[PDB]
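Next up: just one chain, as structure tokens, the form deposited in one PDB entry.
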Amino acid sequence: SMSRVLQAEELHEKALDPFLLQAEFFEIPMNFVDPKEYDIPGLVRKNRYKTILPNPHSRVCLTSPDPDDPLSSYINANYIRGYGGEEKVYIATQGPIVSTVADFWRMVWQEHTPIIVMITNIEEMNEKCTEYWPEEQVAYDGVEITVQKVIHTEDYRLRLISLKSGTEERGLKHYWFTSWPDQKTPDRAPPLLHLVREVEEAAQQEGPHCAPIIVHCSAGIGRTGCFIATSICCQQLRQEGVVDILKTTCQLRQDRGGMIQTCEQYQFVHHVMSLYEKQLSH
């Protein structure tokens, strides 16, 4: 872990120095997995991008439908540590593809996941995230998924969902964020900060030892890493009076290679934290 602790003043200027940001950012190792770490015929069919693989130490393993088949148990997903190193606060995962939608819902059920955060624009529902929820009701390898209600806000749609399986019913909140920016300029920061704050409140409503929150768009690393890094640093700012975006990004990369994929994404986290520091100081 590298570290660069930013106090208010330094955070605002840092966010506005793209030359220093890219210097810092491209020193951080990607920690991508060697594909020759998964010798598994057909694995590529389960992967949206053939060279974005889950690091093995942190990867989510499915215990269905056949735990004894290494392909049946594979999903492109990693457990992600939260603020302060807490284990399994999030799962970062690719947007499901046609052949992994049942696997995704299998992981939701197996992990008791209470919240999903989807950061894929309405425009990008082609080959970036396969619609994986129903209009009302659907079922996958044992799990009845029902959309009970759709709450529209300015920058996300929240689906309240029930999952029936045998005699168990569970709730699920699906946050579909709709305001991911093309240009990562500061005027695009407030909706992301809003989404982070709403999800944290939802997560705390689950009580002690919240099960993992699933976050995704397409590859499970870039926008996903921004959202988790921003969540982590918001806690850090509230708790410590500083942010350490570099150390947080390093933590994330240890959990899953490529987390926060582009320098524009890295600067955007800085804009968002700069905005929040300002909000807190007034």
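Residue numbers run from 1 along the displayed sequence. Only residues modelled in both forms are compared. Rigid core (definition): largest C-alpha set, two forms, superposition within 1.5 Å.
The form deposited with a small molecule bound is left out here; the points below concern that form.
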Is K184 one of the residues lying within 4.5 Å of the small molecule in the entry with it bound, judged by heavy atom distances?
yes
Within a 4.5 Å heavy atom cut-off, is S274 in contact with the small molecule in the entry with it bound?
no
Can you tell me if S179 lies within 4.5 angstroms of the small molecule in the entry with it bound, counting non-hydrogen atoms only?
yes
Test of understanding: in the entry with it bound, would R223 fall inside 4.5 Å of the small molecule by heavy atoms?
yes
For the small molecule in the entry with it bound, the stretch among 69-77, 94-102, 184-192, 131-139 with residues bearing a heavy atom within 4.5 Å is 184-192
Moved residue ranges in sequence order between the shown form and the other one, Cα 2 Å or more, at least 3 long, core fit:
64-68
